[PDB]
Structures are given as structure tokens and as C-alpha cells.
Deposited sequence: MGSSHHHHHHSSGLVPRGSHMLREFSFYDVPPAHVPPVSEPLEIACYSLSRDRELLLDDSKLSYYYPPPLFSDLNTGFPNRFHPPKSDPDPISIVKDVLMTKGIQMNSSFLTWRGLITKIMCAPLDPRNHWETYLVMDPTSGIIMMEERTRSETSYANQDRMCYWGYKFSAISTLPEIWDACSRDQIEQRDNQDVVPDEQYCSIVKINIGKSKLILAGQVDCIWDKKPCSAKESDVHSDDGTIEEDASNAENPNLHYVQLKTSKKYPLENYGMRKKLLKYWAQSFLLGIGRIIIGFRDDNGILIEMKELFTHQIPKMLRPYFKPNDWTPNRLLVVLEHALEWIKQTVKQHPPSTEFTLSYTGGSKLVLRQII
């Protein structure tokens, strides 16, 4: 029936919106066995793994595949409620769902759909999905496992991506106040001061020159993901086609837009342009939803092309 559309290319060329430094307000850990713990017992330390590590080791016999079902955002609301933290923001969602909105102009092939509801008591707009274990995905999980060390002093080989640590963050993008929950791979040193600049994101990739358009898009997606949670470092394990780790590359998240500056072609999406469009997208979602009573359900869909489409559910 009635559809509302947002076009990436209808966005006027504006100045980049102000974005505050993400502020951690809560954190939690998920045990191997899915017990949610209100502590940082699953937060690991980064330690550089040996070069020429074989990322195939343990696949599939030591691989406990991830659950492969979306998590309801009510988990985060309940964390904040349990800790007595009030939600006076515009959006509550998983970091990765803002990454999808922000990076949609970058990859028209990644099709996705989210569900949105305004909570009647707090007025916040909650967003979730209701809709990853092949060898290449394992290389990524295995790179994280071999590059991290659990807490030992104040506390096997199995690769268990379901065991996680999560930071819940307040971040303002232009006039939209967001509460975002995201997974944190490990920390660079002791957990303090706001800790997110101490956090580290781990990635594995084949190495291409920055002249390569696909390499630049990938780095922009790495940047966007970490930027939204205030992650200070991205550490990339470059691997060859055999899955052997060949080179380690430590990046500061804020350096990725600087590093890419000499390589952008005149048509390319840039960090600043992505932030402008995202800010207009979020204002459009908020305006559209707030034009409905709370507890009205919406879907937000991207199916290629250059628009988002918002539908009221029947």
C-alpha cells in the first residue's frame, strides 16, 4: 500500500554533520553457552599472532558455527533497564544496522530489511532484524581467535564466534541521538576515561592497492563500522589465497579517510558524503515514524537501486 521513499541522490550537498565521540554507557559479555553476563569477562586483549599462521587450522572440526539468527534489540533495552540507564535518545539499535544504512550507497548487492517500532514509554525508535560459516568466514573467526588473549590474571583451540563482548554507546549524528550496541573484538591495553578508543577491530582480507575500487569500498565499510562505535584501531591480517597470514597492518580508524584521500575518483562515495546522506536518512526515518502512534510497526528495506523504502506493516 502506502510507501515512503528516500533517495540517496536527492540529498543536497551539505557540510558534514557533527558527530560526537561515542560514549560507552554499558557493556556485557555472552558466554560460549549463551549466558548474558553484565561484565567484561569476555573482553580479550590483542596480541599479534605469528606471521604465516594457517587460518584453515581447526576448520571444520574445531569450528562451532555461529547461531545464524538475528538477535532482538530488546536484549539491549533490557540491559539498560537492568542497569537503570534511561533511554532519552532517538534510536536504539545494533551498530551493524546503522552501518547497513550508512553503507547502502556503497554496495547495491547487499539487500536487507529491518523492523522499526517506537516505544510508547520512552519514545525511542527501536530497530532490529527478524530475517556465514564457509571456509572464508572461518578465516576471519580464526584470525580473531589467534590474535586475542582472554583475561587470565583476574579471571582451548575451539573457534567459537558466539562468545562475544559488546559495548553499548551513545553517539550523536547531526541532530539524531543514537544508542548503539556493537560487538568488540578485543582491547589494545587495560580497560580504563571513555574506553572505546582503546578497542580494536580485527579483520582479514587479501591485500590490494588502494587504487583498487573494491579495496577502497571495503576499507570504507571497515571505517564506517568502527567509527560508529568509537573503535580506535582496526588491525587487518592480510592473507594469501591459501588462507596463510602474510602481513599484519595496524590502522587508526580516524586515519582511514586520510589514507584514502589521494585515491578517490571524482564520482566516489567519500566518508563525508556517506555521513551527510546517513544524517538525512535518519532524520527522514524519525520524521516518518513520528508521524505514527507508538507501537506502529514499520519495515525499512534496501533492495538495490538508490533508495530506501519504509512501509507500515498491516
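Could you list, start to end, the deposited-sequence stretches with no C-alpha atoms? No C-alpha coordinates exist for 1 to 19, 151 to 157, 182 to 191, 229 to 250.
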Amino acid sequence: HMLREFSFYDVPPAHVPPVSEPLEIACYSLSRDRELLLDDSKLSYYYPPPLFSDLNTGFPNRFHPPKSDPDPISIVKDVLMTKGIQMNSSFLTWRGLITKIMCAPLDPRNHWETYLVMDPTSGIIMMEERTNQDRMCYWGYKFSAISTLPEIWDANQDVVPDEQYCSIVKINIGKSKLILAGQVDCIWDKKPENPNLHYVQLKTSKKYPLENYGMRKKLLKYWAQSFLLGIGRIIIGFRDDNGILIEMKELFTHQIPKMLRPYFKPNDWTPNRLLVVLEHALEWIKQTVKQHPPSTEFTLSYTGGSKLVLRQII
From here on, numbers count along this sequence of modelled residues.
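Averaging only over Cα atoms, indicate whether 111 to 119 or 164 to 172 has the higher B-factor in the PDB entry. For C-alpha atoms only, the mean B-factor is higher in 111 to 119.
Which is higher on average in the deposited entry, the C-alpha temperature factors of 30 to 38 or of 252 to 260? The deposited B-factors put 30 to 38 ahead on the C-alpha mean.
Which of these, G243, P195, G232, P150, has its C-alpha atom at the highest B-factor, as the entry lists it? Among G243, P195, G232, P150, the highest C-alpha B-factor in the entry belongs to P195.
Looking at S205, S144, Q225, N88, which has the biggest Cα B factor in the entry? Among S205, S144, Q225, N88, the highest C-alpha B-factor in the entry belongs to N88.
Should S44 be placed in the lowest, middle or highest third of its chain by the C-alpha B factor in the entry? It falls in the bottom third of the chain.
Ordered by C-alpha B-factor within the chain, which third holds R216? Give me lowest, middle or highest, please. It belongs to the middle third of the chain when residues are ordered by C-alpha B-factor.
Please place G96 in the lowest, middle or highest third of its chain by C-alpha B factor as given in the entry. It belongs to the lowest third of the chain when residues are ordered by C-alpha B-factor.
Ranked against its chain, the third holding the CA B-factor of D134: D134: CA B-factor falls in the middle third of its chain.
Chain thirds of CA B-factor: placement of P72: Answer is middle: the recorded C-alpha B-factor places it there.
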